[PDB]
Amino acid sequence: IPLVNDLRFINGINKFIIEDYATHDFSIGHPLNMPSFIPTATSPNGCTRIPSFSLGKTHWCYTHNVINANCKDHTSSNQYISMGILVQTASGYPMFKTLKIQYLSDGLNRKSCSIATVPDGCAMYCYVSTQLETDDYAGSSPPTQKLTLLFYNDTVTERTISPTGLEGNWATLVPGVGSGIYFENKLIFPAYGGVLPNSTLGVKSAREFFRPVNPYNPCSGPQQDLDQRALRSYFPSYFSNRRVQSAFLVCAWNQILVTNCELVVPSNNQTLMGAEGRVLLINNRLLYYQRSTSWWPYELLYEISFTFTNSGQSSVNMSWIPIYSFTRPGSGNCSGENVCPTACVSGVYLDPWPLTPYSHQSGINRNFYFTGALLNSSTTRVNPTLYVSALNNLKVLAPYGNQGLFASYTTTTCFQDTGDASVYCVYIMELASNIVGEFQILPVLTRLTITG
(Lines of atoms letter the chains of each structure in order from A and count residues from 1; the text may use other names and numbers.)
(Lines give C-alpha, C1' and ligand atoms only; values in the text may rest on other atoms or scores of the structure.)
Protein backbone atom coordinates (compact mmCIF):
# COMPACT_ATOMS: atom_id res chain seq x y z
CA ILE A 1 0.00 0.00 0.00
CA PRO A 2 1.68 3.20 -1.19
CA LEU A 3 1.24 6.37 0.84
CA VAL A 4 -0.58 7.97 -2.09
CA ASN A 5 -4.02 9.59 -2.29
CA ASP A 6 -6.50 8.42 -4.90
CA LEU A 7 -5.40 9.92 -8.22
CA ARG A 8 -8.57 11.98 -8.67
CA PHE A 9 -7.54 14.25 -5.76
CA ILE A 10 -3.77 14.59 -6.25
CA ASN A 11 -4.07 17.58 -8.59
CA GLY A 12 -7.03 19.12 -6.74
CA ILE A 13 -5.17 19.67 -3.46
CA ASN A 14 -3.68 23.02 -2.39
CA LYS A 15 -5.21 24.78 -5.41
CA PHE A 16 -7.35 27.89 -5.69
CA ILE A 17 -10.74 26.40 -6.53
CA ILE A 18 -12.22 29.67 -7.90
CA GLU A 19 -9.92 31.64 -10.20
CA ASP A 20 -12.34 33.62 -12.41
CA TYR A 21 -12.27 36.62 -10.00
CA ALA A 22 -16.06 36.82 -10.35
CA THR A 23 -18.89 36.90 -7.85
CA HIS A 24 -20.37 33.56 -6.84
CA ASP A 25 -23.17 32.07 -4.79
CA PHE A 26 -22.53 29.14 -2.49
CA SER A 27 -24.38 26.20 -0.98
CA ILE A 28 -22.89 23.97 1.73
CA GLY A 29 -24.08 20.38 1.46
CA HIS A 30 -25.13 18.07 4.25
CA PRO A 31 -22.44 16.12 6.14
CA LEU A 32 -21.33 13.00 4.28
CA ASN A 33 -21.16 10.00 6.59
CA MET A 34 -18.04 7.88 6.94
CA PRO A 35 -15.99 6.18 9.67
CA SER A 36 -14.33 9.14 11.38
CA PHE A 37 -10.54 9.14 11.21
CA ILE A 38 -10.26 11.24 14.41
CA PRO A 39 -10.50 9.09 17.57
CA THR A 40 -12.65 10.27 20.45
CA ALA A 41 -11.96 9.85 24.13
CA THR A 42 -12.98 6.61 25.85
CA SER A 43 -14.18 8.19 29.11
CA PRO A 44 -16.89 10.74 29.94
CA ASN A 45 -14.43 13.26 31.43
CA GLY A 46 -11.16 12.76 29.57
CA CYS A 47 -9.75 15.75 27.71
CA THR A 48 -9.29 15.55 23.93
CA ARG A 49 -8.27 18.83 22.34
CA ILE A 50 -6.03 20.90 20.06
CA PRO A 51 -6.43 19.38 16.56
CA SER A 52 -3.84 19.95 13.84
CA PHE A 53 -4.43 18.71 10.29
CA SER A 54 -2.70 18.97 6.91
CA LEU A 55 -3.79 17.48 3.58
CA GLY A 56 -0.80 17.11 1.28
CA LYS A 57 -0.65 16.10 -2.36
CA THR A 58 -0.06 12.41 -1.60
CA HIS A 59 -1.28 11.96 1.99
CA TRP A 60 -2.61 13.71 5.08
CA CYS A 61 -1.24 14.12 8.61
CA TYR A 62 -3.17 14.72 11.83
CA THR A 63 -2.57 15.08 15.55
CA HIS A 64 -4.26 16.11 18.78
CA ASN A 65 -3.73 15.98 22.55
CA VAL A 66 -5.25 13.50 25.02
CA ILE A 67 -5.43 13.86 28.81
CA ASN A 68 -6.63 11.01 31.04
CA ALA A 69 -8.05 13.68 33.40
CA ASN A 70 -10.02 16.93 33.17
CA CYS A 71 -8.83 19.55 30.69
CA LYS A 72 -7.85 21.52 33.80
CA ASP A 73 -4.93 19.32 34.85
CA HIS A 74 -1.18 19.41 35.21
CA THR A 75 0.39 15.91 35.35
CA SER A 76 0.98 15.13 31.66
CA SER A 77 -0.70 14.50 28.32
CA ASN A 78 -0.33 12.20 25.32
CA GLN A 79 -0.23 13.01 21.61
CA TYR A 80 -2.19 11.06 19.01
CA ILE A 81 -0.62 11.29 15.54
CA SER A 82 -1.85 9.64 12.36
CA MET A 83 -1.21 9.66 8.63
CA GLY A 84 -3.34 8.39 5.80
CA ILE A 85 -4.78 8.81 2.32
CA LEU A 86 -8.01 9.76 0.54
CA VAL A 87 -10.01 6.82 -0.84
CA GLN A 88 -13.19 7.08 -2.90
CA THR A 89 -16.09 4.98 -1.62
CA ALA A 90 -19.14 3.62 -3.40
CA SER A 91 -21.18 6.19 -1.46
CA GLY A 92 -19.94 8.71 -4.04
CA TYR A 93 -17.41 10.66 -1.95
CA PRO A 94 -13.98 10.05 -0.40
CA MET A 95 -13.11 9.00 3.12
CA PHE A 96 -9.93 9.48 5.14
CA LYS A 97 -8.24 6.07 5.42
CA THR A 98 -5.78 5.97 8.32
CA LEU A 99 -2.60 4.08 7.41
CA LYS A 100 -0.25 4.80 10.33
CA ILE A 101 -0.92 5.59 13.99
CA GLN A 102 1.55 6.79 16.63
CA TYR A 103 0.41 7.43 20.21
CA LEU A 104 3.22 9.33 21.93
CA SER A 105 2.60 8.35 25.58
CA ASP A 106 5.87 8.49 27.53
CA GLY A 107 5.17 10.95 30.35
CA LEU A 108 6.49 13.95 28.40
CA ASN A 109 3.88 16.71 28.29
CA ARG A 110 4.09 17.63 24.62
CA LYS A 111 1.67 20.52 24.17
CA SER A 112 0.35 22.96 21.55
CA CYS A 113 1.63 20.65 18.80
CA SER A 114 1.54 21.61 15.12
CA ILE A 115 1.77 18.99 12.36
CA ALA A 116 2.97 19.17 8.77
CA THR A 117 2.94 16.79 5.82
CA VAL A 118 6.45 15.82 4.68
CA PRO A 119 7.92 13.29 2.21
CA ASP A 120 6.91 9.80 3.38
CA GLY A 121 5.20 10.97 6.55
CA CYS A 122 4.66 13.75 9.08
CA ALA A 123 6.63 16.27 11.10
CA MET A 124 5.38 17.59 14.43
CA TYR A 125 6.55 20.66 16.36
CA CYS A 126 5.79 20.62 20.10
CA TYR A 127 7.01 22.17 23.31
CA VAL A 128 7.34 20.30 26.60
CA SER A 129 5.08 21.99 29.16
CA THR A 130 6.03 21.81 32.84
CA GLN A 131 4.05 24.73 34.31
CA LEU A 132 1.32 27.24 33.54
CA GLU A 133 1.49 29.28 30.34
CA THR A 134 1.53 32.43 32.48
CA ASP A 135 4.53 30.96 34.30
CA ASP A 136 6.20 30.51 30.91
CA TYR A 137 5.66 34.18 30.06
CA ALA A 138 6.75 35.30 33.55
CA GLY A 139 10.04 33.42 33.27
CA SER A 140 13.11 34.27 31.23
CA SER A 141 14.03 30.99 29.48
CA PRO A 142 11.87 29.21 26.87
CA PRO A 143 10.56 25.66 27.38
CA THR A 144 12.00 22.66 25.59
CA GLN A 145 11.26 22.66 21.85
CA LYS A 146 10.82 19.25 20.21
CA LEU A 147 10.69 18.18 16.56
CA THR A 148 9.28 14.72 15.82
CA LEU A 149 9.52 12.93 12.46
CA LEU A 150 7.14 10.03 11.78
CA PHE A 151 7.60 8.04 8.60
CA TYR A 152 5.56 5.43 6.75
CA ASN A 153 8.32 2.85 7.36
CA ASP A 154 7.41 3.15 11.08
CA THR A 155 10.54 5.15 11.98
CA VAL A 156 10.10 7.83 14.66
CA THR A 157 12.84 10.37 15.40
CA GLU A 158 12.53 13.08 18.05
CA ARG A 159 15.02 15.90 18.61
CA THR A 160 15.35 18.86 20.94
CA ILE A 161 15.98 22.02 18.93
CA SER A 162 17.22 25.52 19.78
CA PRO A 163 16.45 27.60 16.67
CA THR A 164 18.66 30.54 15.79
CA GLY A 165 17.39 33.69 17.48
CA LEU A 166 15.56 31.98 20.34
CA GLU A 167 18.02 32.06 23.24
CA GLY A 168 18.41 35.46 24.89
CA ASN A 169 15.41 37.02 23.11
CA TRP A 170 12.38 35.02 24.29
CA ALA A 171 10.83 34.25 27.64
CA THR A 172 8.81 31.48 25.97
CA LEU A 173 7.93 30.02 22.58
CA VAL A 174 5.27 27.47 21.57
CA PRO A 175 3.98 26.03 18.29
CA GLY A 176 0.98 27.59 16.60
CA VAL A 177 -1.53 24.67 16.83
CA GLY A 178 -1.99 24.93 13.08
CA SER A 179 -0.49 22.91 10.32
CA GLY A 180 2.95 23.76 8.99
CA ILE A 181 4.02 23.32 5.40
CA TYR A 182 6.82 21.73 3.35
CA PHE A 183 7.91 24.23 0.71
CA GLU A 184 11.15 24.57 -1.30
CA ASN A 185 13.26 22.30 0.92
CA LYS A 186 11.89 24.22 3.93
CA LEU A 187 9.75 22.95 6.79
CA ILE A 188 7.82 25.94 8.14
CA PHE A 189 5.76 25.89 11.34
CA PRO A 190 3.74 28.72 12.88
CA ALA A 191 4.79 29.73 16.37
CA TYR A 192 4.25 32.44 18.96
CA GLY A 193 5.53 33.45 22.35
CA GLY A 194 6.82 36.24 24.52
CA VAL A 195 9.78 38.44 23.61
CA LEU A 196 11.80 39.95 26.44
CA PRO A 197 11.36 43.74 26.06
CA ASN A 198 14.99 44.53 27.00
CA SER A 199 16.55 41.96 24.65
CA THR A 200 18.03 42.67 21.22
CA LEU A 201 14.85 41.68 19.37
CA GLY A 202 12.75 43.53 21.94
CA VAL A 203 14.68 46.78 21.50
CA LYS A 204 14.65 46.44 17.70
CA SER A 205 10.86 45.94 17.53
CA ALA A 206 9.92 48.18 20.47
CA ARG A 207 7.80 50.65 18.49
CA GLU A 208 6.27 48.23 15.95
CA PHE A 209 2.47 48.00 15.80
CA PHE A 210 -0.34 47.28 13.35
CA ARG A 211 -3.85 48.74 13.68
CA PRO A 212 -6.39 47.34 11.19
CA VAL A 213 -9.52 49.44 10.78
CA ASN A 214 -12.96 48.32 9.62
CA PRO A 215 -14.28 51.22 7.49
CA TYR A 216 -17.88 50.15 8.21
CA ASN A 217 -17.31 49.86 11.99
CA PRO A 218 -14.57 52.34 12.94
CA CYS A 219 -13.21 52.80 16.43
CA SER A 220 -13.74 56.23 17.99
CA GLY A 221 -10.77 58.43 18.84
CA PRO A 222 -7.86 60.41 17.41
CA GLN A 223 -5.28 58.61 15.30
CA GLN A 224 -2.46 59.07 17.81
CA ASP A 225 -4.36 57.72 20.82
CA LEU A 226 -5.58 54.72 18.82
CA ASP A 227 -2.02 54.04 17.67
CA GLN A 228 -0.68 54.21 21.23
CA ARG A 229 -3.43 51.85 22.41
CA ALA A 230 -2.70 49.41 19.56
CA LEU A 231 1.00 49.45 20.47
CA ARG A 232 0.22 48.86 24.15
CA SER A 233 -1.98 45.90 23.17
CA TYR A 234 1.16 43.91 22.28
CA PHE A 235 2.29 43.85 25.95
CA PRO A 236 -0.52 42.28 28.02
CA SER A 237 0.11 42.13 31.75
CA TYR A 238 -1.59 38.72 31.71
CA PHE A 239 1.65 37.54 30.06
CA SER A 240 3.97 39.62 32.29
CA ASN A 241 4.07 42.54 29.81
CA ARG A 242 6.29 40.65 27.36
CA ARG A 243 5.94 41.47 23.68
CA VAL A 244 3.59 38.70 22.55
CA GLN A 245 4.95 37.85 19.12
CA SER A 246 4.20 35.54 16.21
CA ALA A 247 7.13 33.85 14.48
CA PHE A 248 7.96 31.09 12.02
CA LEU A 249 10.07 28.02 12.72
CA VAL A 250 12.03 27.35 9.51
CA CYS A 251 14.00 24.11 9.15
CA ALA A 252 16.15 22.97 6.24
CA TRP A 253 14.59 19.63 5.29
CA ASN A 254 17.79 18.28 3.73
CA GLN A 255 19.47 18.80 7.13
CA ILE A 256 16.44 17.94 9.27
CA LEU A 257 18.39 15.43 11.40
CA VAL A 258 21.14 17.88 12.41
CA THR A 259 19.80 21.42 11.93
CA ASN A 260 18.57 23.53 14.83
CA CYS A 261 16.23 25.52 12.53
CA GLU A 262 15.69 29.27 12.56
CA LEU A 263 13.18 31.73 14.01
CA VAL A 264 11.94 34.17 11.36
CA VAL A 265 10.16 37.00 13.16
CA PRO A 266 7.78 39.27 11.19
CA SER A 267 7.56 43.01 11.63
CA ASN A 268 4.79 43.92 14.03
CA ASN A 269 3.99 46.80 11.67
CA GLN A 270 2.41 44.09 9.48
CA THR A 271 0.89 41.66 12.00
CA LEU A 272 -1.10 41.74 15.23
CA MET A 273 -0.21 40.34 18.66
CA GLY A 274 1.33 36.89 18.52
CA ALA A 275 -1.15 34.03 18.58
CA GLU A 276 -1.85 30.55 17.28
CA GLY A 277 -1.83 30.30 13.52
CA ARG A 278 -1.45 28.19 10.40
CA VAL A 279 0.78 28.25 7.31
CA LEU A 280 -0.82 27.36 3.97
CA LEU A 281 0.70 26.80 0.52
CA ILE A 282 -1.85 27.30 -2.28
CA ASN A 283 -0.74 27.63 -5.92
CA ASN A 284 2.83 28.00 -4.58
CA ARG A 285 1.70 31.14 -2.70
CA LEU A 286 2.21 31.21 1.07
CA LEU A 287 -0.55 32.33 3.44
CA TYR A 288 -0.66 32.68 7.22
CA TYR A 289 -3.76 32.49 9.36
CA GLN A 290 -3.42 34.28 12.69
CA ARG A 291 -5.85 33.61 15.52
CA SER A 292 -7.57 36.78 16.76
CA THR A 293 -6.25 36.48 20.29
CA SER A 294 -5.93 40.29 20.46
CA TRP A 295 -8.54 43.07 20.30
CA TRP A 296 -9.23 42.78 16.55
CA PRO A 297 -12.16 40.32 16.25
CA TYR A 298 -12.22 39.62 12.50
CA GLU A 299 -10.54 36.83 10.55
CA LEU A 300 -6.79 37.36 10.09
CA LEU A 301 -5.23 35.95 6.91
CA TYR A 302 -1.97 37.31 5.45
CA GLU A 303 -0.16 36.74 2.18
CA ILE A 304 3.42 36.05 3.24
CA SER A 305 6.77 35.65 1.51
CA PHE A 306 10.20 34.68 2.81
CA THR A 307 13.69 35.89 1.95
CA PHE A 308 16.09 33.13 2.98
CA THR A 309 19.74 33.74 3.86
CA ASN A 310 22.71 31.48 4.49
CA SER A 311 23.97 33.29 7.62
CA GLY A 312 20.69 33.13 9.54
CA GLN A 313 19.28 36.54 8.56
CA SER A 314 16.10 35.29 6.91
CA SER A 315 13.12 37.64 6.82
CA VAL A 316 9.40 37.41 6.13
CA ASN A 317 7.07 40.01 4.63
CA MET A 318 3.36 39.88 5.48
CA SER A 319 0.45 41.57 3.70
CA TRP A 320 -2.94 41.62 5.42
CA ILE A 321 -6.03 40.65 3.43
CA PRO A 322 -8.70 43.18 4.52
CA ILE A 323 -11.45 40.99 6.02
CA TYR A 324 -14.22 42.27 8.30
CA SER A 325 -17.02 39.76 7.64
CA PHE A 326 -17.64 37.96 10.95
CA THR A 327 -16.27 38.11 14.49
CA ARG A 328 -14.97 35.47 16.93
CA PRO A 329 -16.22 35.12 20.53
CA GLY A 330 -14.28 36.64 23.40
CA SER A 331 -14.69 37.76 27.00
CA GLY A 332 -14.76 41.15 28.67
CA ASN A 333 -13.40 43.97 26.53
CA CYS A 334 -12.32 41.39 23.93
CA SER A 335 -15.69 40.07 22.76
CA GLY A 336 -16.78 39.88 19.14
CA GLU A 337 -18.39 43.32 19.58
CA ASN A 338 -15.11 45.08 20.46
CA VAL A 339 -13.22 46.68 17.56
CA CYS A 340 -10.97 49.10 19.51
CA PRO A 341 -7.32 48.49 20.42
CA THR A 342 -6.90 47.17 23.96
CA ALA A 343 -4.84 44.56 25.79
CA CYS A 344 -6.47 41.20 25.00
CA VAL A 345 -5.67 37.54 25.54
CA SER A 346 -8.95 36.06 24.30
CA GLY A 347 -10.54 34.57 21.22
CA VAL A 348 -10.42 31.07 19.78
CA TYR A 349 -8.69 29.19 16.95
CA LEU A 350 -10.88 29.29 13.81
CA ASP A 351 -8.92 29.10 10.60
CA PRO A 352 -10.10 29.87 7.05
CA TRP A 353 -9.66 28.07 3.76
CA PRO A 354 -9.35 30.56 0.87
CA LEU A 355 -11.23 29.48 -2.25
CA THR A 356 -9.85 32.36 -4.35
CA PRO A 357 -6.55 34.19 -4.68
CA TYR A 358 -6.44 37.70 -3.31
CA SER A 359 -3.30 39.04 -5.00
CA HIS A 360 -2.75 37.66 -8.49
CA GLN A 361 -0.35 38.44 -11.31
CA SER A 362 -2.70 40.98 -12.95
CA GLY A 363 -4.10 42.67 -9.83
CA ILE A 364 -6.08 42.23 -6.61
CA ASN A 365 -9.29 40.16 -6.45
CA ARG A 366 -11.96 42.02 -4.49
CA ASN A 367 -14.28 39.02 -4.98
CA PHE A 368 -12.23 37.06 -2.42
CA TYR A 369 -14.07 34.11 -0.85
CA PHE A 370 -13.09 31.81 2.02
CA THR A 371 -14.85 29.05 3.92
CA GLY A 372 -14.65 27.61 7.40
CA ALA A 373 -16.42 26.97 10.69
CA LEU A 374 -17.27 29.85 13.02
CA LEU A 375 -18.81 30.08 16.49
CA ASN A 376 -22.07 32.05 16.30
CA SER A 377 -21.63 34.10 19.48
CA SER A 378 -19.72 37.19 20.54
CA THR A 379 -18.90 35.95 24.06
CA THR A 380 -19.19 32.15 24.15
CA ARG A 381 -17.64 29.16 22.38
CA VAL A 382 -20.98 27.82 21.14
CA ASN A 383 -23.04 27.28 17.96
CA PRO A 384 -20.60 25.78 15.42
CA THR A 385 -21.60 27.03 11.96
CA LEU A 386 -20.17 26.20 8.56
CA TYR A 387 -19.82 29.34 6.46
CA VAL A 388 -18.70 30.76 3.16
CA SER A 389 -17.69 34.41 3.48
CA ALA A 390 -16.63 37.31 1.27
CA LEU A 391 -14.40 40.19 2.39
CA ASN A 392 -17.24 42.25 3.89
CA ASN A 393 -20.11 39.81 4.42
CA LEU A 394 -21.15 36.19 4.84
CA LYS A 395 -22.32 34.40 1.70
CA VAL A 396 -23.87 31.28 3.27
CA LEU A 397 -24.38 29.73 6.73
CA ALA A 398 -25.12 26.14 7.80
CA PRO A 399 -25.23 25.33 11.53
CA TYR A 400 -23.92 22.02 12.81
CA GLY A 401 -26.18 20.60 15.49
CA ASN A 402 -28.69 22.47 17.61
CA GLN A 403 -28.42 25.93 19.09
CA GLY A 404 -26.54 25.80 22.37
CA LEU A 405 -24.04 23.17 21.23
CA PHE A 406 -20.61 24.04 22.63
CA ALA A 407 -17.70 24.07 20.20
CA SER A 408 -14.18 25.49 20.26
CA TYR A 409 -11.38 24.94 17.75
CA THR A 410 -12.05 24.52 14.03
CA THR A 411 -9.70 23.91 11.11
CA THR A 412 -10.93 23.72 7.52
CA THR A 413 -9.37 22.26 4.37
CA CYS A 414 -10.87 22.11 0.88
CA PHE A 415 -9.83 20.05 -2.14
CA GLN A 416 -11.31 19.13 -5.50
CA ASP A 417 -12.13 15.83 -7.17
CA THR A 418 -10.69 16.31 -10.64
CA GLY A 419 -12.73 13.37 -11.93
CA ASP A 420 -16.22 14.82 -11.42
CA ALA A 421 -15.32 18.43 -10.38
CA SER A 422 -16.75 17.91 -6.88
CA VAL A 423 -15.48 20.43 -4.34
CA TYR A 424 -15.05 18.94 -0.86
CA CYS A 425 -14.41 20.86 2.34
CA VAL A 426 -13.60 19.14 5.63
CA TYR A 427 -14.42 21.16 8.76
CA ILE A 428 -12.62 19.66 11.75
CA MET A 429 -14.35 20.98 14.87
CA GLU A 430 -13.99 20.52 18.62
CA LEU A 431 -17.58 19.59 19.58
CA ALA A 432 -18.98 19.02 23.06
CA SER A 433 -20.27 15.44 23.36
CA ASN A 434 -22.73 14.04 25.89
CA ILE A 435 -20.78 10.78 26.28
CA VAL A 436 -17.07 11.51 25.66
CA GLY A 437 -16.89 14.92 27.30
CA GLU A 438 -14.80 17.89 26.34
CA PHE A 439 -14.64 17.78 22.56
CA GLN A 440 -15.01 14.92 20.24
CA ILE A 441 -13.01 16.42 17.40
CA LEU A 442 -15.23 15.71 14.39
CA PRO A 443 -14.19 15.94 10.71
CA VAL A 444 -17.33 17.01 8.83
CA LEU A 445 -16.93 16.42 5.10
CA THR A 446 -19.29 18.40 2.88
CA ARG A 447 -19.62 19.09 -0.83
CA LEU A 448 -19.54 22.78 -1.75
CA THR A 449 -21.77 23.92 -4.62
CA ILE A 450 -20.53 27.06 -6.41
CA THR A 451 -22.74 28.97 -8.86
CA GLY A 452 -23.03 32.44 -10.34
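Numbering starts at 1 and runs along the sequence shown.
The mean Cα B-factor in the deposited entry runs higher for 259-267 than for the other of 259-267 and 122-130. The stretch 67-75 shows the higher mean C-alpha B-factor when 80-88 is compared against 67-75 in the entry. Among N45, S389, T411, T418, the highest C-alpha B-factor in the deposited entry belongs to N45. Across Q245, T148, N284, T371, the greatest Cα temperature factor reported in the deposited entry is at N284. Ranked within its chain, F26 lands in the highest third, by CA B factor from the PDB record. In the PDB entry, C334 places in the middle third of its chain by CA B-factor. Ranked by Cα temperature factor within the chain, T446 sits in the lowest third according to the deposited record.
Ranked by Cα temperature factor within the chain, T58 sits in the middle third according to the deposited record. The PDB entry assigns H360 a C-alpha temperature factor belonging to the highest third of its chain's modelled residues.
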